[PDB]
Every structure is written in C-alpha cells, then in structure tokens.
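Colleague: Handing over start_12.cif, mmCIF, N, CA and C atoms.
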data_protein
loop_
_atom_site.label_atom_id
_atom_site.label_comp_id
_atom_site.auth_asym_id
_atom_site.auth_seq_id
_atom_site.Cartn_x
_atom_site.Cartn_y
_atom_site.Cartn_z
N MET A 1 153.20 123.52 110.63
CA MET A 1 153.94 123.13 111.87
C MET A 1 153.00 122.39 112.82
N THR A 2 153.25 121.13 113.06
CA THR A 2 152.36 120.36 113.97
C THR A 2 152.82 120.55 115.42
N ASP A 3 151.95 120.36 116.36
CA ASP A 3 152.34 120.53 117.79
C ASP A 3 153.03 119.26 118.29
N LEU A 4 154.32 119.33 118.52
CA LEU A 4 155.05 118.13 119.00
C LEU A 4 155.18 118.19 120.53
N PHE A 5 154.77 119.28 121.12
CA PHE A 5 154.88 119.40 122.60
C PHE A 5 153.64 118.79 123.27
N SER A 6 152.90 118.00 122.54
CA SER A 6 151.68 117.37 123.13
C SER A 6 152.03 116.80 124.50
N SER A 7 151.06 116.30 125.22
CA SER A 7 151.35 115.74 126.56
C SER A 7 152.58 114.83 126.48
N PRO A 8 153.70 115.33 126.96
CA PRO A 8 154.97 114.59 126.94
C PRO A 8 154.97 113.51 128.02
N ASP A 9 155.91 112.61 127.97
CA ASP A 9 155.95 111.53 129.00
C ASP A 9 156.66 112.05 130.25
N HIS A 10 157.47 113.06 130.10
CA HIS A 10 158.20 113.61 131.28
C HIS A 10 158.33 115.13 131.14
N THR A 11 158.85 115.80 132.13
CA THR A 11 159.00 117.27 132.03
C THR A 11 160.28 117.70 132.77
N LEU A 12 160.77 118.88 132.48
CA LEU A 12 162.00 119.36 133.17
C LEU A 12 161.92 120.87 133.36
N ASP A 13 161.71 121.32 134.55
CA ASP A 13 161.68 122.79 134.77
C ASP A 13 163.13 123.28 134.71
N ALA A 14 163.40 124.36 134.04
CA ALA A 14 164.80 124.85 133.99
C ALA A 14 164.77 126.37 134.06
N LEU A 15 163.65 126.85 134.50
CA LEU A 15 163.44 128.28 134.72
C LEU A 15 164.10 128.61 136.04
N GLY A 16 165.20 129.26 135.99
CA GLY A 16 165.96 129.56 137.23
C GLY A 16 167.05 128.50 137.35
N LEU A 17 167.03 127.52 136.48
CA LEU A 17 168.06 126.46 136.49
C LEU A 17 169.16 126.90 135.57
N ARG A 18 170.35 126.54 135.85
CA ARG A 18 171.42 126.96 134.92
C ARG A 18 172.45 125.85 134.81
N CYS A 19 173.07 125.74 133.69
CA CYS A 19 174.07 124.65 133.52
C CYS A 19 174.98 124.63 134.74
N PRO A 20 175.34 123.44 135.16
CA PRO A 20 174.91 122.17 134.54
C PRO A 20 173.58 121.66 135.15
N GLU A 21 173.00 122.41 136.03
CA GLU A 21 171.75 121.95 136.74
C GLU A 21 170.62 121.48 135.81
N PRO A 22 170.33 122.25 134.81
CA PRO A 22 169.26 121.90 133.86
C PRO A 22 169.72 120.73 133.04
N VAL A 23 170.76 120.91 132.30
CA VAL A 23 171.31 119.79 131.52
C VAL A 23 171.42 118.58 132.45
N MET A 24 171.53 118.82 133.74
CA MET A 24 171.65 117.70 134.71
C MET A 24 170.28 117.04 134.90
N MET A 25 169.24 117.82 135.00
CA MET A 25 167.89 117.23 135.19
C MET A 25 167.56 116.35 133.99
N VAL A 26 167.85 116.81 132.80
CA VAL A 26 167.56 115.97 131.61
C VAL A 26 168.41 114.71 131.69
N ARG A 27 169.54 114.78 132.34
CA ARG A 27 170.41 113.58 132.44
C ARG A 27 169.72 112.52 133.28
N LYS A 28 169.41 112.85 134.50
CA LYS A 28 168.73 111.87 135.41
C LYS A 28 167.41 111.44 134.78
N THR A 29 166.74 112.36 134.15
CA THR A 29 165.46 112.05 133.47
C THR A 29 165.78 111.16 132.28
N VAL A 30 166.90 111.41 131.70
CA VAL A 30 167.35 110.61 130.53
C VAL A 30 167.69 109.21 131.04
N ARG A 31 168.12 109.15 132.26
CA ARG A 31 168.47 107.84 132.88
C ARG A 31 167.17 107.14 133.27
N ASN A 32 166.15 107.90 133.58
CA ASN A 32 164.86 107.27 133.95
C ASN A 32 163.92 107.31 132.75
N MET A 33 164.37 107.85 131.65
CA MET A 33 163.51 107.91 130.44
C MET A 33 163.71 106.63 129.62
N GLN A 34 162.95 106.47 128.58
CA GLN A 34 163.08 105.26 127.73
C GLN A 34 163.08 105.69 126.26
N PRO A 35 163.69 104.89 125.43
CA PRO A 35 163.77 105.17 124.00
C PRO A 35 162.40 105.01 123.37
N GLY A 36 161.91 106.06 122.79
CA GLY A 36 160.55 106.04 122.19
C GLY A 36 159.64 106.85 123.10
N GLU A 37 160.22 107.67 123.95
CA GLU A 37 159.39 108.48 124.89
C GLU A 37 159.62 109.97 124.62
N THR A 38 159.05 110.83 125.42
CA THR A 38 159.25 112.29 125.19
C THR A 38 159.42 113.02 126.52
N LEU A 39 160.07 114.16 126.48
CA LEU A 39 160.29 114.95 127.73
C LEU A 39 160.22 116.44 127.40
N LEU A 40 159.28 117.15 127.96
CA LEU A 40 159.19 118.61 127.68
C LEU A 40 160.10 119.32 128.67
N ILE A 41 160.78 120.35 128.26
CA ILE A 41 161.71 121.03 129.19
C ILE A 41 161.61 122.55 129.05
N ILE A 42 161.45 123.26 130.14
CA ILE A 42 161.40 124.72 130.05
C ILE A 42 162.71 125.25 130.57
N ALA A 43 163.05 126.44 130.23
CA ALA A 43 164.33 126.98 130.71
C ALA A 43 164.32 128.48 130.55
N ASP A 44 164.59 129.20 131.59
CA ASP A 44 164.65 130.66 131.44
C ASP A 44 166.12 131.00 131.42
N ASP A 45 166.91 130.14 132.00
CA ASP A 45 168.37 130.37 131.96
C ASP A 45 168.80 130.40 130.49
N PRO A 46 169.72 131.27 130.17
CA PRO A 46 170.21 131.44 128.79
C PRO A 46 171.19 130.33 128.43
N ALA A 47 171.72 129.68 129.41
CA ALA A 47 172.69 128.58 129.14
C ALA A 47 171.96 127.25 129.00
N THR A 48 170.67 127.24 129.17
CA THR A 48 169.91 125.96 129.04
C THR A 48 169.52 125.75 127.58
N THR A 49 169.13 126.79 126.91
CA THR A 49 168.74 126.63 125.48
C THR A 49 169.91 126.02 124.72
N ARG A 50 171.10 126.32 125.15
CA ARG A 50 172.29 125.79 124.43
C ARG A 50 172.84 124.52 125.09
N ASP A 51 172.83 124.45 126.39
CA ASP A 51 173.41 123.27 127.08
C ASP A 51 172.40 122.13 127.27
N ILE A 52 171.21 122.42 127.69
CA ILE A 52 170.23 121.32 127.92
C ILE A 52 170.07 120.47 126.66
N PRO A 53 169.82 121.10 125.55
CA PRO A 53 169.66 120.38 124.29
C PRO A 53 171.00 119.88 123.81
N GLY A 54 171.99 120.72 123.78
CA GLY A 54 173.32 120.24 123.33
C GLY A 54 173.64 118.97 124.11
N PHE A 55 173.06 118.82 125.27
CA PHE A 55 173.32 117.59 126.06
C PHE A 55 172.50 116.44 125.47
N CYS A 56 171.22 116.62 125.29
CA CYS A 56 170.40 115.50 124.74
C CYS A 56 171.00 115.03 123.42
N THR A 57 171.51 115.92 122.62
CA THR A 57 172.10 115.48 121.32
C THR A 57 173.35 114.64 121.56
N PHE A 58 174.08 114.93 122.60
CA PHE A 58 175.33 114.16 122.88
C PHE A 58 175.01 112.76 123.42
N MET A 59 173.90 112.57 124.08
CA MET A 59 173.60 111.21 124.63
C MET A 59 172.75 110.38 123.66
N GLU A 60 172.55 110.85 122.45
CA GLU A 60 171.76 110.06 121.45
C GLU A 60 170.26 110.28 121.65
N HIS A 61 169.87 111.39 122.20
CA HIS A 61 168.43 111.68 122.40
C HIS A 61 167.96 112.55 121.24
N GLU A 62 166.69 112.83 121.15
CA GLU A 62 166.23 113.66 120.01
C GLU A 62 165.50 114.90 120.51
N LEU A 63 165.76 116.01 119.89
CA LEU A 63 165.04 117.25 120.26
C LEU A 63 163.73 117.20 119.48
N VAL A 64 162.65 116.84 120.11
CA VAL A 64 161.40 116.71 119.37
C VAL A 64 160.87 118.09 118.95
N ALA A 65 160.82 119.06 119.83
CA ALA A 65 160.32 120.41 119.37
C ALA A 65 160.98 121.54 120.17
N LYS A 66 161.51 122.53 119.54
CA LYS A 66 162.15 123.61 120.32
C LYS A 66 161.21 124.80 120.48
N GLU A 67 161.49 125.60 121.45
CA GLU A 67 160.66 126.80 121.70
C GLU A 67 161.56 127.99 122.04
N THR A 68 161.62 128.96 121.17
CA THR A 68 162.47 130.16 121.42
C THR A 68 161.68 131.40 121.03
N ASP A 69 160.38 131.35 121.21
CA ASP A 69 159.54 132.53 120.85
C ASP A 69 159.63 133.60 121.93
N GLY A 70 160.47 133.38 122.89
CA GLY A 70 160.64 134.35 123.98
C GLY A 70 160.59 133.62 125.30
N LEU A 71 161.59 133.82 126.08
CA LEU A 71 161.69 133.16 127.40
C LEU A 71 160.31 133.01 128.05
N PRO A 72 160.16 131.94 128.78
CA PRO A 72 161.24 130.96 128.95
C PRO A 72 161.25 130.03 127.75
N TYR A 73 162.39 129.55 127.39
CA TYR A 73 162.49 128.62 126.23
C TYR A 73 161.89 127.27 126.58
N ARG A 74 161.64 126.46 125.59
CA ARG A 74 161.13 125.11 125.87
C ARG A 74 161.65 124.20 124.79
N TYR A 75 161.81 122.96 125.09
CA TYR A 75 162.33 122.04 124.07
C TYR A 75 161.85 120.65 124.39
N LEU A 76 161.23 119.98 123.47
CA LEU A 76 160.81 118.64 123.78
C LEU A 76 161.96 117.73 123.41
N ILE A 77 162.11 116.60 124.03
CA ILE A 77 163.23 115.74 123.64
C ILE A 77 162.81 114.28 123.71
N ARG A 78 162.62 113.64 122.58
CA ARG A 78 162.21 112.21 122.61
C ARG A 78 163.40 111.36 123.06
N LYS A 79 163.32 110.78 124.23
CA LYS A 79 164.44 109.93 124.73
C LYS A 79 164.66 108.80 123.74
N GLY A 80 165.88 108.56 123.36
CA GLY A 80 166.16 107.47 122.39
C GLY A 80 167.67 107.37 122.17
N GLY A 81 168.09 106.56 121.23
CA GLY A 81 169.54 106.42 120.96
C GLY A 81 169.75 105.62 119.67
#
As structure tokens, please, write out the structure in this file.
Modeller:
Amino acid sequence: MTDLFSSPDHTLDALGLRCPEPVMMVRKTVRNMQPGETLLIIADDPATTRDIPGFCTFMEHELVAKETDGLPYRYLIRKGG
C-alpha cells in the first residue's frame, strides 16, 4: 500500500462538519480545484465518510486514498473529470 495522502494540493476539515457542510466544502474546493490535482479531507462526522466522497464521485472526481482506521476519517480526492 503506497501513501497517496502525500502533500495534497488542497485540504478540507470536516471534523465537526456534517452533510451537507462537508460535502459542501469539497464542492467549493472542487470549484477551485483543477483536474490532475489532489485534496485531502478529514471528517469526524459519520455522514461525511459517506456523503463527502459520494459527492466527489458524482462530480467526476476521484477518491485518491480513503482513511477509516478510526475517526476522524480521511479521504484524498484527486480533482478531475
């Protein structure tokens, strides 16, 4: 397993954030992100592990690396389409 969470191009705190707030931060970040880039995202909210990423997948983004080894969760997402 290689480390894909390397220094990402962007970040999204979602610890204490809850849908749609977190999924929302990735949205605006997705709007300011570029295809071929990366965004690390943390989330302690239980609805972010499912909504934040479920959102990136819906906008044509990529989940570069997920983290569920125990809250807070984390997920990298390479902006793209």
Colleague: Report the distance between atom N of residue 32 of chain A and atom CA of residue 3 of chain A in Å, rounded to one decimal place.
Modeller: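 The value is 24.5 Å.
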Colleague: So that I can check the secondary structure, give me every residue of chain A assigned strand (DSSP E) by backbone DSSP, as a PDB file with N, CA and C atoms, in the frame of the given file.
Modeller:
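Final file, states-v3.pdb:
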ATOM      1  N   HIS A  10     157.470 113.060 130.100  1.00  0.00           N
ATOM      2  CA  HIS A  10     158.200 113.610 131.280  1.00  0.00           C
ATOM      3  C   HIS A  10     158.330 115.130 131.140  1.00  0.00           C
ATOM      4  N   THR A  11     158.850 115.800 132.130  1.00  0.00           N
ATOM      5  CA  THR A  11     159.000 117.270 132.030  1.00  0.00           C
ATOM      6  C   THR A  11     160.280 117.700 132.770  1.00  0.00           C
ATOM      7  N   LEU A  12     160.770 118.880 132.480  1.00  0.00           N
ATOM      8  CA  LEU A  12     162.000 119.360 133.170  1.00  0.00           C
ATOM      9  C   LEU A  12     161.920 120.870 133.360  1.00  0.00           C
ATOM     10  N   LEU A  39     160.070 114.160 126.480  1.00  0.00           N
ATOM     11  CA  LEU A  39     160.290 114.950 127.730  1.00  0.00           C
ATOM     12  C   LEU A  39     160.220 116.440 127.400  1.00  0.00           C
ATOM     13  N   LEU A  40     159.280 117.150 127.960  1.00  0.00           N
ATOM     14  CA  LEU A  40     159.190 118.610 127.680  1.00  0.00           C
ATOM     15  C   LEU A  40     160.100 119.320 128.670  1.00  0.00           C
ATOM     16  N   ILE A  41     160.780 120.350 128.260  1.00  0.00           N
ATOM     17  CA  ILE A  41     161.710 121.030 129.190  1.00  0.00           C
ATOM     18  C   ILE A  41     161.610 122.550 129.050  1.00  0.00           C
ATOM     19  N   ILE A  42     161.450 123.260 130.140  1.00  0.00           N
ATOM     20  CA  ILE A  42     161.400 124.720 130.050  1.00  0.00           C
ATOM     21  C   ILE A  42     162.710 125.250 130.570  1.00  0.00           C
ATOM     22  N   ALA A  43     163.050 126.440 130.230  1.00  0.00           N
ATOM     23  CA  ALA A  43     164.330 126.980 130.710  1.00  0.00           C
ATOM     24  C   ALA A  43     164.320 128.480 130.550  1.00  0.00           C
ATOM     25  N   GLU A  62     166.690 112.830 121.150  1.00  0.00           N
ATOM     26  CA  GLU A  62     166.230 113.660 120.010  1.00  0.00           C
ATOM     27  C   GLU A  62     165.500 114.900 120.510  1.00  0.00           C
ATOM     28  N   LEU A  63     165.760 116.010 119.890  1.00  0.00           N
ATOM     29  CA  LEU A  63     165.040 117.250 120.260  1.00  0.00           C
ATOM     30  C   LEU A  63     163.730 117.200 119.480  1.00  0.00           C
ATOM     31  N   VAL A  64     162.650 116.840 120.110  1.00  0.00           N
ATOM     32  CA  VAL A  64     161.400 116.710 119.370  1.00  0.00           C
ATOM     33  C   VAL A  64     160.870 118.090 118.950  1.00  0.00           C
ATOM     34  N   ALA A  65     160.820 119.060 119.830  1.00  0.00           N
ATOM     35  CA  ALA A  65     160.320 120.410 119.370  1.00  0.00           C
ATOM     36  C   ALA A  65     160.980 121.540 120.170  1.00  0.00           C
ATOM     37  N   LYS A  66     161.510 122.530 119.540  1.00  0.00           N
ATOM     38  CA  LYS A  66     162.150 123.610 120.320  1.00  0.00           C
ATOM     39  C   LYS A  66     161.210 124.800 120.480  1.00  0.00           C
ATOM     40  N   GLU A  67     161.490 125.600 121.450  1.00  0.00           N
ATOM     41  CA  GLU A  67     160.660 126.800 121.700  1.00  0.00           C
ATOM     42  C   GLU A  67     161.560 127.990 122.040  1.00  0.00           C
ATOM     43  N   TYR A  73     162.390 129.550 127.390  1.00  0.00           N
ATOM     44  CA  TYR A  73     162.490 128.620 126.230  1.00  0.00           C
ATOM     45  C   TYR A  73     161.890 127.270 126.580  1.00  0.00           C
ATOM     46  N   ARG A  74     161.640 126.460 125.590  1.00  0.00           N
ATOM     47  CA  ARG A  74     161.130 125.110 125.870  1.00  0.00           C
ATOM     48  C   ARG A  74     161.650 124.200 124.790  1.00  0.00           C
ATOM     49  N   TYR A  75     161.810 122.960 125.090  1.00  0.00           N
ATOM     50  CA  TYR A  75     162.330 122.040 124.070  1.00  0.00           C
ATOM     51  C   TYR A  75     161.850 120.650 124.390  1.00  0.00           C
ATOM     52  N   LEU A  76     161.230 119.980 123.470  1.00  0.00           N
ATOM     53  CA  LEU A  76     160.810 118.640 123.780  1.00  0.00           C
ATOM     54  C   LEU A  76     161.960 117.730 123.410  1.00  0.00           C
ATOM     55  N   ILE A  77     162.110 116.600 124.030  1.00  0.00           N
ATOM     56  CA  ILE A  77     163.230 115.740 123.640  1.00  0.00           C
ATOM     57  C   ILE A  77     162.810 114.280 123.710  1.00  0.00           C
ATOM     58  N   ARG A  78     162.620 113.640 122.580  1.00  0.00           N
ATOM     59  CA  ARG A  78     162.210 112.210 122.610  1.00  0.00           C
ATOM     60  C   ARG A  78     163.400 111.360 123.060  1.00  0.00           C
TER      61      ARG A  78
END
Colleague: What does the distance from atom CA of residue 1 of chain A to atom CA of residue 39 of chain A come to in Å, to one decimal?
Modeller: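 Answer for the atom CA of residue 1 of chain A to atom CA of residue 39 of chain A separation: 18.9 Å.
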Colleague: To one decimal place, how far is atom CA of residue 68 of chain A from atom C of residue 31 of chain A in Å?
Modeller: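 Distance reported for this atom pair: 26.3 Å.
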Colleague: Suppose a student applies the PyMOL selection byres (((chain A and resi 74 and name CA) around 10) and name CA) to this structure; what residues should they get, written as a VMD selection string?
Modeller: chain A and resid 5 12 to 15 40 to 44 48 to 49 53 65 to 73 75 to 77
Colleague: Mind checking which residues fall within 8 Å of residue 56 of chain A, counting all atoms listed in the file, ignoring those fewer than 3 positions away in the same chain, and posting them as a ChimeraX atom specification?
Modeller: /A:23,26-27,51-53,59-63,77
Colleague: Can those selected residues be exported to a file as a PDB file, in the frame of the given file so that it contains N, CA and C atoms?
Modeller:
ATOM      1  N   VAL A  23     170.760 120.910 132.300  1.00  0.00           N
ATOM      2  CA  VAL A  23     171.310 119.790 131.520  1.00  0.00           C
ATOM      3  C   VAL A  23     171.420 118.580 132.450  1.00  0.00           C
ATOM      4  N   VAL A  26     167.850 116.810 132.800  1.00  0.00           N
ATOM      5  CA  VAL A  26     167.560 115.970 131.610  1.00  0.00           C
ATOM      6  C   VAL A  26     168.410 114.710 131.690  1.00  0.00           C
ATOM      7  N   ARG A  27     169.540 114.780 132.340  1.00  0.00           N
ATOM      8  CA  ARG A  27     170.410 113.580 132.440  1.00  0.00           C
ATOM      9  C   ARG A  27     169.720 112.520 133.280  1.00  0.00           C
ATOM     10  N   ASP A  51     172.830 124.450 126.390  1.00  0.00           N
ATOM     11  CA  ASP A  51     173.410 123.270 127.080  1.00  0.00           C
ATOM     12  C   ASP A  51     172.400 122.130 127.270  1.00  0.00           C
ATOM     13  N   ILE A  52     171.210 122.420 127.690  1.00  0.00           N
ATOM     14  CA  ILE A  52     170.230 121.320 127.920  1.00  0.00           C
ATOM     15  C   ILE A  52     170.070 120.470 126.660  1.00  0.00           C
ATOM     16  N   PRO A  53     169.820 121.100 125.550  1.00  0.00           N
ATOM     17  CA  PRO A  53     169.660 120.380 124.290  1.00  0.00           C
ATOM     18  C   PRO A  53     171.000 119.880 123.810  1.00  0.00           C
ATOM     19  N   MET A  59     173.900 112.570 124.080  1.00  0.00           N
ATOM     20  CA  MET A  59     173.600 111.210 124.630  1.00  0.00           C
ATOM     21  C   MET A  59     172.750 110.380 123.660  1.00  0.00           C
ATOM     22  N   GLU A  60     172.550 110.850 122.450  1.00  0.00           N
ATOM     23  CA  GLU A  60     171.760 110.060 121.450  1.00  0.00           C
ATOM     24  C   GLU A  60     170.260 110.280 121.650  1.00  0.00           C
ATOM     25  N   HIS A  61     169.870 111.390 122.200  1.00  0.00           N
ATOM     26  CA  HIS A  61     168.430 111.680 122.400  1.00  0.00           C
ATOM     27  C   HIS A  61     167.960 112.550 121.240  1.00  0.00           C
ATOM     28  N   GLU A  62     166.690 112.830 121.150  1.00  0.00           N
ATOM     29  CA  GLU A  62     166.230 113.660 120.010  1.00  0.00           C
ATOM     30  C   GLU A  62     165.500 114.900 120.510  1.00  0.00           C
ATOM     31  N   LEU A  63     165.760 116.010 119.890  1.00  0.00           N
ATOM     32  CA  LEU A  63     165.040 117.250 120.260  1.00  0.00           C
ATOM     33  C   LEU A  63     163.730 117.200 119.480  1.00  0.00           C
ATOM     34  N   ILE A  77     162.110 116.600 124.030  1.00  0.00           N
ATOM     35  CA  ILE A  77     163.230 115.740 123.640  1.00  0.00           C
ATOM     36  C   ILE A  77     162.810 114.280 123.710  1.00  0.00           C
TER      37      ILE A  77
END
Colleague: Taking the backbone alone, and naming residues the way the document does, which bits of chain A are alpha helix (DSSP H) by DSSP, as an MDAnalysis selection string?
Modeller: chainID A and resid 21:32 48:58
Colleague: With distances taken over only C-alpha atoms, which residue among A:10, A:22, A:79, A:4 lies nearest residue 47 of chain A?
Modeller: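 Closest to residue 47 of chain A of all the choices is A:22.
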